[PDB]
Amino acid sequence: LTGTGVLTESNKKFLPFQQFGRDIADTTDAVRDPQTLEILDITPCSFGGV
Amino acid sequence: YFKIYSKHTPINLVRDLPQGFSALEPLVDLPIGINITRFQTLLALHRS
Ligand SMILES: *[C@@H]1O[C@H](CO)[C@@H](O)[C@H](O)[C@H]1NC(C)=O
Ligand SMILES: *[C@@H]1O[C@H](CO)[C@@H](O)[C@H](O)[C@H]1NC(C)=O
Numbered sequence: 546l547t548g549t550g551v552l553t554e555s556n557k558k559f560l561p562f563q564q565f566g567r568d569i570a571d572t573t574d575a576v577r578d579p580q581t582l583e584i585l586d587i588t589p590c591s592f593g594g595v
Numbered sequence: 200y201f202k203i204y205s206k207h208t209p210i211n212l213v214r215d216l217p218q219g220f221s222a223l224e225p226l227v228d229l230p231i232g233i234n235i236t237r238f239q240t241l242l243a244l245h246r247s
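Which chain is which? The protein sequence lines are D and E, in order.
Per the entry's author numbering: the first sequence = residues 546 to 595.
Per the entry's author numbering: the second sequence = residues 200 to 247.
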């Protein structure tokens with residue numbers, strides 16, 4: 546799952562079967578780590594208008 | 200693929216199904232790749 550963002554600690558408690566979390570835009574908000582098996586919350590980068 | 204979803208619920212109703220809401224979690228996915236059109240429950244006898 547390729548992406549670009551800031552990875553933060555996720556308060557969300559995923560169910561054991563669940564590995565991904567999809568926002569209203571069908572883009573992964575959070576992903577369950579494939580090595581340490583924890584939940585990481587993806588947030589987009591600080592885009593802005595100049 | 201054979202998907203088995205299951206849920207265990209503690210109830211205290213004597214006869215019929217209780218009325219309520221309980222979403223079934225997915226338990227196990229089986230790579231079987233076979234045709235299935237019929238099923239049968241397996242019970243256990245009690246011998247004395
Ligand atoms: C290997 O993966 C398992 C779970 O998939 C994890 O518990 C374990 O810590 C991992 N080992 C290393 C060295 O990352
Ligand atoms: C699956 O079994 C049914 C019952 O015999 C049969 O009608 C059907 O053609 C079978 N399908 C395949 C893909 O074998």
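A virtual CB, placed ideally from N, CA and C, is assigned to each residue, including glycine.
### Message
Which residue marks the beginning of the beta strand (DSSP E) containing D/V576, and which one marks its end?
### Response
If you number the first sequence from 1, residue 576 of chain D lands on position 31. Residues 573-577.
### Query
How would you label D/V576, buried or exposed, when you count the other beta carbons within 10 angstroms and need 16 or more for buried?
Reading the first sequence from its first residue, position 31 is the one you call residue 576 of chain D. Result: buried.
### Query
At a cut of 8 Å, does the segment 576-589 of chain D reach the segment 200-219 of chain E through at least three beta carbon pairs?
no
### Query
Going by DSSP, what residues sit across from D/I584 in a beta bridge?
Counting from 1 along the first sequence, the entry for residue 584 of chain D is found at position 39. According to DSSP, which records beta bridges pairwise, D/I584 is partnered with D/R577.
### Query
At a cut-off of 6 Å, is D/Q580 close to ligand 1 when judged by its beta-carbon and the heavy atoms of the ligand?
Taking the first sequence and counting its residues from 1, the one referred to as residue 580 of chain D is at position 35. Look at D/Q580: its beta carbon is less than 6 Å from one of the heavy atoms in ligand 1.
### Query
E/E224 and D/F562 look like a contact to me (Cβ under 8 Å); what is the Cβ gap, rounded to whole Å?
Translated into positions along the second sequence, residue 224 of chain E becomes position 25. Translated into positions along the first sequence, residue 562 of chain D becomes position 17. Sure, about 6 Å apart at Cβ, within 8 Å.
### Query
According to DSSP, what are the bridge partners of E/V227?
Looking up residue 227 of chain E in the second sequence gives position 28. DSSP lists E/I203 as partners of E/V227.
### Task
Could you please go through the chain and list the residues whose beta-carbon is closer than 5 Å to any non-hydrogen atom of ligand 2?
E/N234, E/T236
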